[PDB]
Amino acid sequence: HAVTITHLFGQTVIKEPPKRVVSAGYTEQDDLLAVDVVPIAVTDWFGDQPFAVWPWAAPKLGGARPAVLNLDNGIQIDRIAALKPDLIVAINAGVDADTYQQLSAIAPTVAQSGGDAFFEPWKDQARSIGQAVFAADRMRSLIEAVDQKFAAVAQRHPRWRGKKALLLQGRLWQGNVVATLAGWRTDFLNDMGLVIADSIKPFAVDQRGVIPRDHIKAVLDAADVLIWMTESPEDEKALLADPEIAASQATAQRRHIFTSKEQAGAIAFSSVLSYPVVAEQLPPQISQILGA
């Protein structure tokens, strides 16, 4: 039975479990590898990982060495054609109507389902991948396992319930703190019993809060715990050197968590394989700030 995928740019028919999959977006390799589909090409995002596959997903390669694509200057249409895929997964790749036509000329192409051309809700991406590679039941159990691990954190830490969190990018932008707005990207924090501080709501730009310099101190001080997606010790040092961050009660009362690079990657990938890394490695850090 062929699978018909309905997406932003129409429908894609996938006649059989595909043997040559290109992962054209920033994160889809995690959910593909999770259901034992090893892409023939993975697209790099950040962190300079071998084959752009981060450590939580690397084992599933079974030693394969996929081609590494990049989006530095758009989707690499000719490189994709040369790989002769039977399925292109381009959910998190910035596909538009023009690039959709180009990819579809090469092979059946699964695009995003809606208005997010990058970073659509992680479970929507997972379910679509699962359908596309004839692994829906397996992908369903893996999504459930994520929710269960975060629910188990909540059960072990009832004192956290209602405590206020912010999830911040690891670097300032042109002087501004950049927060993740409340949405699918913060559901994992809610699943552990935390609330997203509403101090960021007035500063919305698309899915982030871009905090004006004169509001940094008050906005950070609204939170009980601040999770910064730092990718190096230099990132942490630059945040603590910022005069507004340095003068906040968040700094005075040691409310900051600065992620390791691996932790920042696991949050950023938000996948069936990366979220269990967050559920393992973030709770001990939250306990140090909130108490167990």
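Throughout, we count residues from 1 along the sequence that is shown.
Mean C-alpha B factor from the entry: is it higher for 38-46 or for 256-264?
Taking the mean B-factor of the alpha carbons in each, 256-264 is higher.
Stretch exceeding the other in mean C-alpha B-factor - 124-132, 72-80
Going by the record's values, the stretch with the higher mean is 72-80.
Among 106, 192, 204, 139, single out the one with the highest C-alpha B factor in the record, please.
Most elevated C-alpha B-factor of the set, per the entry: 204.
Hey, out of 57, 52, 250, 229, whose CA B-factor is highest in the deposited coordinates?
Out of 57, 52, 250, 229, the record gives the largest C-alpha B-factor to 250.
When the modelled residues of the chain are sorted by Cα temperature factor, does residue 147 land in the lowest, middle or highest third?
Lowest third.
Among all modelled residues of this chain, ranked by Cα B factor, put residue 239 in the bottom, middle or top third, i.e. lowest, middle or highest.
It belongs to the highest third of the chain when residues are ordered by C-alpha B-factor.
Among modelled residues of the same chain, the CA temperature factor third for residue 100
According to the entry, residue 100 has a C-alpha B-factor in the chain's middle third.
Check where residue 62 lands among this chain's C-alpha B-factors and tell me if it's the lowest, middle or highest third.
Answer is lowest: the recorded C-alpha B-factor places it there.
Third of chain Cα B-factors occupied by residue 283:
Its C-alpha B-factor, which the entry lists for residue 283, ranks in the middle third among residues of this chain.
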